[PDB]
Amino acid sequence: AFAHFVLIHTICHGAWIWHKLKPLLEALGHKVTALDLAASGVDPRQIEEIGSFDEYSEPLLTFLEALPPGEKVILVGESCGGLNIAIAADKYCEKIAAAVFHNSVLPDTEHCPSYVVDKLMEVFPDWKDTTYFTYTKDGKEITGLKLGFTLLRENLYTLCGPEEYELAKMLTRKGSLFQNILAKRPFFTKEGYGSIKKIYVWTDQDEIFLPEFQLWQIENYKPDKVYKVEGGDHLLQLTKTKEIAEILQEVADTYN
């Protein structure tokens, strides 16, 4: 079967991270939308204009709003994209056939929104040459960051080619986890986010979202289906593009 996939990048990243997977999915006959979230990729906004993970998700929310009644899509989020998925699901669960997590955070409904993010910081505390800054928006102090080039090279693009890593150095922008804002945000709902089908894709060779963290998330919030890709790195859409497309095809044939 064919499906309409909506690819969601992580903070500091942009739609460009999906430049290899998107054409492959289309070669399978699927419809693919790869969005730039607020202040990401070529979006015109700067991070200082964004005050929460929800505002950061605007482009995704607006896209879903534009979907005619009856049209469903399969969301695919990488790394922190899982949070965008949760936010979107509490607003448009009926338009989501399923959500696919790609080495991504997996929020739940029993703990506050920042729960898995706080856990991630515990498992991976050293972000190496990543730099941080602060700005104020809507009366709150937000911590912004810019992923370090060494961190990118060693933990994210571990096995990616130098041509792919180059795009990261040229295109990655300042972003934020809005961690303190997530902590005070209303919990994700059981009726919205809790009701959607969730497929968890990962590899134990991920050098940033370590096995301890990912296995911890799976035990914390049981996915409907779990796919483990052998080898590759954190950026499976670059190092295991073909494998990811095959998994997404199966998801398309399973959930609608």
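Numbering starts at 1 and runs along the sequence shown.
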{"property": "Greater mean Cα temperature factor according to the PDB record, 122 to 130 or 82 to 90", "result": "122 to 130"}
{"property": "Between the two ranges 184 to 192 and 59 to 67, the one averaging a larger CA B factor in the entry", "result": "184 to 192"}
{"property": "Candidate residues 169, 137, 95, 102, the one whose C-alpha B factor the record puts highest", "result": "137"}
{"property": "Position of residue 165 among the chain's modelled residues by C-alpha B-factor, lowest, middle or highest third", "result": "lowest"}
{"property": "Assigned third (lowest, middle, highest) for the C-alpha B factor of residue 40", "result": "lowest"}
{"property": "Third of the chain, ranked by Cα B-factor, where residue 234 sits", "result": "middle"}
{"property": "Third of the chain, ranked by Cα B-factor, where residue 76 sits", "result": "lowest"}
{"property": "Where the record places residue 106 (Cα B-factor, split into thirds across the chain)", "result": "lowest"}
